[PDB]
Structure formats: structure tokens, C-alpha cells
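Architecture at a glance
Okay, here's what each chain looks like letter by letter:
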Amino acid sequence: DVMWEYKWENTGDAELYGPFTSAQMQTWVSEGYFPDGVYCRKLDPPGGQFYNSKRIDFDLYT
């Protein structure tokens, strides 16, 4: 149950969302909701060093 998140912008104030299953992330990303990519990140464990959805691997978690 790898949970993730996505931030439209790359600021320290930008609103953060995407607290859905890694699967739900692939949908939005694959669907086209993020044509320019988003600041994808994992909820737990929380850390840092964001990564563009277009630079993350959605075939090594679920």
C-alpha cells in the first residue's frame, strides 16, 4: 500500500496533494492530468528530494 503525493508547483508553500495509492497516481499521470508532470513524493515514510512524475518509476512498487 505505497502511498504517494503530487505538488503542481515546486515551492515550499505550493499546495500538496496526491495522498492516494501509487496506483491512483499512475492513473492521473497516465490519464494526462499532469501533462507537464508534478512533484511526486511518498507519504510514508516522509522525507524529501521531490521527483517529477515523469521521472519516477511506477513499475517497482505495486
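Structure determination for this PDB entry is given in the record as solution NMR.

1. Quick notes on the nonpolar core
Core analysis: the largest hydrophobic core is formed by ten residues, namely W4, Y6, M25, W28, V29, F34, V38, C40, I56 and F58. Among the elements of the structure, β1 (4-7) and α1 (22-31) are those that each provide at least two residues to this core. Top element by residues in this core is α1. It accounts for three residues.

2. Re a nonpolar patch on the surface
A cluster of nonpolar side chains, namely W8, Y17 and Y33, defines an oily patch on the protein surface of about 340 Å² accessible area. Along the polypeptide, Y33 turns up in the loop between α1 and β3 (39-42).

What counts and how
Residue labels used throughout are counted from 1 along each chain in written sequence order rather than taken from the entry, whose numbering may differ, and residues without coordinates are not included. To get the side-chain values, all heavy atoms of the structure are used, and hydrogens and water are removed first. What we call a nonpolar core is a set of buried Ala, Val, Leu, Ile, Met, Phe, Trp, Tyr and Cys residues that are connected through their side-chain atoms within 4.5 Å. With a 1.4 Å probe rolled over the protein chains alone, any residue whose accessible area is under 20% of its type maximum counts as buried; one over 50% counts as exposed, and the rest are partly exposed. Elements are defined by DSSP. Helices are runs of H or I of four residues or more, strands are runs of E of two residues or more, and each kind is numbered from the N terminus. The patches described consist of residues with a relative accessible area above 30% and no salt bridge, like charges being joined within 9 Å and nonpolar side chains (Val, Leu, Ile, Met, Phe, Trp, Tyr) within 5 Å. Methods summary: accessible areas were calculated by the Shrake-Rupley approach with a probe of 1.4 Å, and residue burial reflects only the protein chains presented. Salt bridges are defined as contacts in which a side-chain nitrogen from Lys or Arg sits within 4 Å of a carboxyl oxygen from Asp or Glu.

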